[PDB]
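Novice: Give me a 3D structure for the following:
(2 chains)
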2 protein chains.
Amino acid sequence: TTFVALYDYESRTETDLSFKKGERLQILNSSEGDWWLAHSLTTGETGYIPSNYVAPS
Amino acid sequence: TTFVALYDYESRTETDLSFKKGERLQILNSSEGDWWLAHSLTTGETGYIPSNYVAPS
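Specialist: Numbering: from 1, shown residues only, chains lettered A, B, ... in the order given. This is the structure:
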């Protein structure tokens, strides 16, 4: 249920969470799901996608 | 290896990927890993975290 930060992390966008090594973190359930780095074969664009929006080919 | 978009998705930050239903998407390997929505019990802040930066308590 609970995780611990292994390294510092500085936020890079409005939506990520900054934390320090040692912080205790609780994972939450969103409707979008986990986010994956993806490349669109249709458009050539790249970036993070919500896993719950996609299904295997 | 390949996934298909089930719904349209409009990007909300500089780092996510917009796509339309039907696009074919390839998942890529980054050093940060998959991203999870998390709540810091240490600071009370909330947002997405790189999974490879944390370990179970």
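Novice: Now for residue A:43: which residues touch it?
Specialist: For residue A:43, the contact set (CB atoms under 8 Å, 6 or more residues apart in numbering or on different chains) comprises B:19, B:23. Where you see a C-beta, it was placed from the backbone N, CA and C, and this is true even at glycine.
Novice: which stretch of helix or strand covers it?
Specialist: Using DSSP states H and E, residue A:43 is not contained in any helix or strand.
Novice: how close does it get to residue B:25?
Specialist: In this structure, residue A:43 lies at 10 Å from residue B:25, with CB to CB, to the nearest Å as the measure.
Novice: overlap in contacts of these two?
Specialist: Jointly contacting residue A:43 and residue B:25 under the rule CB under 8 Å, 6+ apart are residue B:19.
Novice: Strands along chain A, start to end?
Specialist: Counting by DSSP state E, one finds strands in chain A at the ranges A:2-5, A:24-27, A:35-40, A:46-50, A:54-56.
Novice: can you list the ones you listed in CSV and add distance to residue B:38 and mean neighbour count?
Specialist: Listed next are the strands of chain A as CSV, based on distance: least, CB to CB, whole Å; neighbours: other CB atoms under 10 Å in any protein chain shown:
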stretch, distance to residue B:38, mean neighbour count
strand A:2-5, 7, 17
strand A:24-27, 4, 18
strand A:35-40, 12, 20
strand A:46-50, 15, 21
strand A:54-56, 22, 13
